[PDB]
Amino acid sequence: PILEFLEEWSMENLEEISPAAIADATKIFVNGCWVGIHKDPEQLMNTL
Amino acid sequence: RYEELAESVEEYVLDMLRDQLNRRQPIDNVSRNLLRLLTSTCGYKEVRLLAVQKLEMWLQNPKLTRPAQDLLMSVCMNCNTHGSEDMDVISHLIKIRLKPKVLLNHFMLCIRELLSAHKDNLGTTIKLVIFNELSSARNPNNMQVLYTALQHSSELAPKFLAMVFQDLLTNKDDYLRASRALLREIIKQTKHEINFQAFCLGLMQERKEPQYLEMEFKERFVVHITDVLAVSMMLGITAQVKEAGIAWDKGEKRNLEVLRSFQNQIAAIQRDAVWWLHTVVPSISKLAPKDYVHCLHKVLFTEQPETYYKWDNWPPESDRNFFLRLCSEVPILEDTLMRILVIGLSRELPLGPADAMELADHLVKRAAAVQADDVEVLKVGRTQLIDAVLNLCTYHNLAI
Amino acid sequence: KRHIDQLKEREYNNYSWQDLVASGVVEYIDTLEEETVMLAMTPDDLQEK
């Protein structure tokens, strides 16, 4: 359910995302494993 | 200007409305222009449902507070058809939850508008709110929503609430404790601004639907109705009424009017309950003589205190004596007296003449114990009460 | 102060610590999250201005 909620939200899985434009975004992990990155770390931390 | 093109216009609007709402957007990407368009297009139940689906997060977004409030009030004022879409919109609205005080006040005004939109909105909202309260999805706004509904309709809201309690009691499971706590807390938040007499009348009204007419615990339902009536009788006492009773016990004539009006309501409710027992209760079901006498003792508050609290233990031990004394000390009515005598003389009604006359004696003594110059505690115009009393002693010319 | 009012009248409201969790005043904290959150020792004494 967490995976589905993030996928619905503005999260981009690592395979699609451009490797270059990656420093700016904040990485997100679930149970250790890396799922993807998000441009704005805010507005989702408080939402969660 | 588009009477001939109404269907095409509605479908065409809904097309792009669905497109825009379905497009995956971040919260900040929502446009106040889009919110205004939705507000203007709320005339359609589909638009009002799509809006209420995500209205909670739109309100939570501070940047969209005013347009979202406008959308909410437009939805409320356009929700006047009481359709299935309207019911779903009400369900979504009650699911919504609002933290801010100002937002809560605006929501309450919008709920007033929604109730005014259609008459059945009141009953539907009460039913949904009480269902939510019974379920585990309690909304911290349910109590104040019901408070505002009662304010809007001080009588029809109690009536709907009473029928819903009847539907809960008819339900197979024993909702006695939950209903008692529910009404207790509801009264607590509403600060007792509820017409207890009107609510009791709503509970008293017979139900004609096959679900009630085929209920296989009719006797249990009647018993539970009596129990909840006694609980409402208890709750009728406020802190102010407690103070007035204390003052009367001490002989002080301070705020006696509150106590007198309360006792008048109590007596009227007791008369209504006696009328119901006499007329409708036999029609609904044929209770055993012991159960019928027990219910009569309860409604007249001549029953043992233990049975009152044996279920939920409420009220606490301290409050029981005071509440019982206060409710027992009430005036009597000629209608109550004549109904008691008629029931006693009624062979078909399982009440012996001796028991009926003994109960009448006890109640008359209790009313006389309410000696008050300013209150017509004992007022009877008909002299046929004497004849009925004398007949009650007739032996079956010899009398016991 | 409202919540404690209902809580103190237990065994009648069926009011539960789980219901408190639902009300969202209290929450579970693990050590990882504790690492990056300030703590107020005594609300009666610390948070007060």
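Structure values in brief
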{"quantity": "Flag if B:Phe323 is more than 14 Å from every other protein chain (Cβ to nearest Cβ), crowded, with 19+ Cβ neighbours inside 10 Å and closer than 17 Å to B:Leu183 by Cβ", "calculated": "yes"}
{"quantity": "Residues within the stretch C:6-49 that are aliphatic (A, V, I, L, M) and over 24 Å from B:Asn139 (Cβ atoms), tallied", "calculated": "8"}
{"quantity": "Output for the stretch B:350-377, where each listed residue is among the small types (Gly, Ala, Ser) and not in a loop (DSSP other than H, G, I, E, B)", "calculated": "B:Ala354, B:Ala356, B:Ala360, B:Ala367, B:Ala368"}
{"quantity": "Tally, over chain C, of residues that are more than 20 Å from B:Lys188 (Cβ to Cβ) and of a type in the set (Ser, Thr, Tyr)", "calculated": "4"}
{"quantity": "All positions within the stretch A:26-43 that are out of contact with any helix residue (DSSP H, G or I) (no Cβ under 8 Å at 6 or more places or on another chain) and of a type in the set (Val, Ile, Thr)", "calculated": "A:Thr26, A:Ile37"}
{"quantity": "Test: residue in the stretch B:305-314 that is more than 14 Å from every other protein chain (Cβ to nearest Cβ) and closer than 25 Å to B:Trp248 by Cβ", "calculated": "yes"}
{"quantity": "Residue list for the stretch B:78-108, filter: surrounded by 15 or more Cβ atoms within 10 Å (Cβ to Cβ), among the aliphatic types (A, V, I, L, M) and assigned to a helix (DSSP H, G or I)", "calculated": "B:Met87, B:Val89, B:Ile90, B:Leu93, B:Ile94, B:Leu103, B:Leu104, B:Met108"}
{"quantity": "Residues that are of a type outside the set (S, T, N, Q), in a helix (DSSP H, G or I) and within 13 Å of chain C (Cβ to nearest Cβ), drawn from the stretch B:130-148", "calculated": "B:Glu133, B:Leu134, B:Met143"}
{"quantity": "Subset of the stretch B:15-31 (residues that are surrounded by 15 or more Cβ atoms within 10 Å (Cβ to Cβ) and either charged (D, E, K, R) or under 40 Å from the mean Cα position of the chain (by Cα) (or both))", "calculated": "B:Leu21"}
{"quantity": "Selected residue [within 14 Å of B:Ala388 (Cα to Cα) and under 28 Å from the mean Cα position of the chain (by Cα)] from B:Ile332, B:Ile340", "calculated": "B:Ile340"}
{"quantity": "Entirely in the stretch B:149-225, the helices (runs of 4 or more DSSP H) that have 3 or more residues that are more than 12 Å from the chain's Cα centre (by Cα) and within 14 Å of chain C (Cβ to nearest Cβ)", "calculated": "B:176-190"}
{"quantity": "Residue list for the stretch B:1-36, filter: farther than 16 Å from B:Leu55 by Cβ, assigned to a loop (DSSP other than H, G, I, E, B) and away from every other protein chain (no Cβ under 14 Å)", "calculated": "B:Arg1, B:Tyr2, B:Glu3, B:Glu4, B:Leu5"}
{"quantity": "Matching option when the condition is among the polar types (S, T, N, Q), surrounded by fewer than 16 Cβ atoms within 10 Å (Cβ to Cβ) and assigned to a helix (DSSP H, G or I), among B:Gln240, B:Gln263", "calculated": "B:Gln240"}
{"quantity": "Qualifying residue in the stretch B:40-50 (condition: of a type in the set (S, T, N, Q), surrounded by 13 or more Cβ atoms within 10 Å (Cβ to Cβ) and either more than 14 Å from every other protein chain (Cβ to nearest Cβ) or closer than 20 Å to B:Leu72 by Cβ (or both))", "calculated": "yes"}
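Rundown of residues vs (1) more than 14 Å from every other protein chain (Cβ to nearest Cβ); (2) in a helix (DSSP H, G or I); (3) within 30 Å of B:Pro316 (Cα to Cα); (4) not basic (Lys, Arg), yes/no style:
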{"site": "C:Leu7", "(1), (2), (3), (4)": "no, yes, yes, yes"}
{"site": "C:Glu11", "(1), (2), (3), (4)": "no, no, yes, yes"}
{"site": "C:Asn14", "(1), (2), (3), (4)": "no, no, yes, yes"}
{"site": "C:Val21", "(1), (2), (3), (4)": "no, yes, yes, yes"}
{"site": "C:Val25", "(1), (2), (3), (4)": "no, no, yes, yes"}
{"site": "C:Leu32", "(1), (2), (3), (4)": "no, yes, no, yes"}
{"site": "C:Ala40", "(1), (2), (3), (4)": "yes, no, no, yes"}
{"site": "C:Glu48", "(1), (2), (3), (4)": "yes, no, no, yes"}
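Every residue, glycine among them, receives a Cβ derived from its backbone with ideal geometry; neighbour counts consider all protein chains shown. Here, each number is a calculation from the coordinates, and none is a lab measurement.
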